[PDB]
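Enquirer: Generate coordinates for the sequence data below:
(one chain, ligands or ions: 1)
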Amino acid sequence: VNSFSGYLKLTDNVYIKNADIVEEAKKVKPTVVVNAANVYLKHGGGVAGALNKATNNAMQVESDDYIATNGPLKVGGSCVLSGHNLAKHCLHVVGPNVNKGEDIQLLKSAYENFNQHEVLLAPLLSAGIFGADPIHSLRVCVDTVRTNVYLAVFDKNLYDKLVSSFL
Ligand SMILES: C[C@](CC(=O)O)(NC(=O)c1ncnc2[nH]ccc12)c1ccccc1
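Expert: Numbering: from 1, shown residues only. The structure is reproduced below:
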């Protein structure tokens, strides 16, 4: 039993809520929060910009040191860094950005990173500015992640569409 509240169960291991992931993280303080990162860990907008803002830019400072040491992530890859005030750990995961011509098939590889963690609070990957269809992303999530994932969907209209169209 854990501290997540008000989620709709989609499958044995996938749950979904219309919520701001930043507010969910501040309330729950989960072991792992997922960031929807780019390969440079430049946390400008969306989930990444909002999470970083809530850490008072400490996420960006840590991330710049990580990149200076290790170079960029792969599209489809991830790294584990601190969760700062929001969680024990942040799993920075890079979904493909279809607006940059990146292969949508890498979305499955991105979600595979979640399987290294027993429980995660996460957004839909490759949605929003990454260009991809959120309905497809939820489907890939459900068909790929085996560990327990609590999805926070920011847009109410999208949340309603995802639930009403889920199969
Ligand atoms: C717009 C969308 C999808 C949606 O969930 O509608 N979501 C978010 O950007 C989001 N989700 C959850 N909590 C959040 N806090 C602040 C922002 C935010 C999204 C954009 C880019 C990459 C992944 C997902």
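Enquirer: drop to CA atoms for contacts and neighbour counts, all remaining ones
Expert: OK.
Enquirer: Near the ligand, which residues of the protein are found?
Expert: Proximity of the chain to the ligand (Cα under 6 Å from any ligand atom) is limited to residues 20-22, 36, 46-47, 50, 123-129, 152-155, 158.
Enquirer: where along the chain do the strands fall?
Expert: Under the criterion DSSP state E, the chain contains strands at 8-9, 14-18, 32-36, 78-82, 89-93, 119-122, 148-153.
Enquirer: Highest mean neighbour count out of those?
Expert: With neighbours defined as mean count of other Cα atoms under 10 Å, these peak in mean count at strand 32-36, which reaches a mean of 27.
Enquirer: ok so, going back, can you list the strands of the chain in a markdown table and add distance to residue 57?
Expert: A markdown table is the format used below for these (distance: least, Cα to Cα, whole Å):
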| stretch | distance to residue 57 |
| --- | --- |
| strand 8-9 | 32 |
| strand 14-18 | 25 |
| strand 32-36 | 14 |
| strand 78-82 | 12 |
| strand 89-93 | 14 |
| strand 119-122 | 20 |
| strand 148-153 | 22 |
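Enquirer: contacting residues around residue 42?
Expert: By Cα atoms under 8 Å, 6 or more residues apart in numbering, the contact set of residue 42 is 60, 63.
Enquirer: Give me the buried stretch members for whichever helix in the chain runs longest, please.
Expert: Secondary structure of the chain per DSSP state H: the longest helix is helix 58-70. For helix 58-70, the neighbour count (16 or more other Cα atoms under 10 Å) marks 59-60, 63, 66 as buried.
Enquirer: Inside helices: which ones of the residues of the chain next to the ligand?
Expert: Those of these lying in helices (DSSP H): 21-22, 46-47, 50, 158.
Enquirer: Filter the residues you listed down to the buried ones, PyMOL style.
Expert: Buried residues within these, by 16+ other Cα under 10 Å, are selected in PyMOL with:
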select buried, resi 21+22+46+47+50
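Enquirer: Residue 146: which of the ones in helices among the residues of the chain next to the ligand is nearest?
Expert: residue 21 (20.6 Å; Cα to Cα).
Enquirer: how about the nearest residue to residue 49, chain neighbours excluded?
Expert: Leaving aside its sequence neighbours, residue 49 sits nearest to residue 43 (Cα to Cα, 6 or more residues apart in numbering; 4.7 Å).
Enquirer: right, and residue 91 touches residue 77 too?
Expert: No: contact between residue 91 and residue 77 fails when scored by Cα atoms under 8 Å: they sit 10.1 Å apart.
Enquirer: any idea how far the residue lying closest to residue 93 once chain neighbours are set aside is from residue 154?
Expert: With sequence-adjacent residues excluded and distances taken as Cα to Cα, 6+ apart, residue 93 is closest to residue 78, at 4.4 Å. Residue 78 is 22 Å from residue 154, where distance means Cα to Cα, to the nearest Å.
Enquirer: Cheers, nothing more for now.
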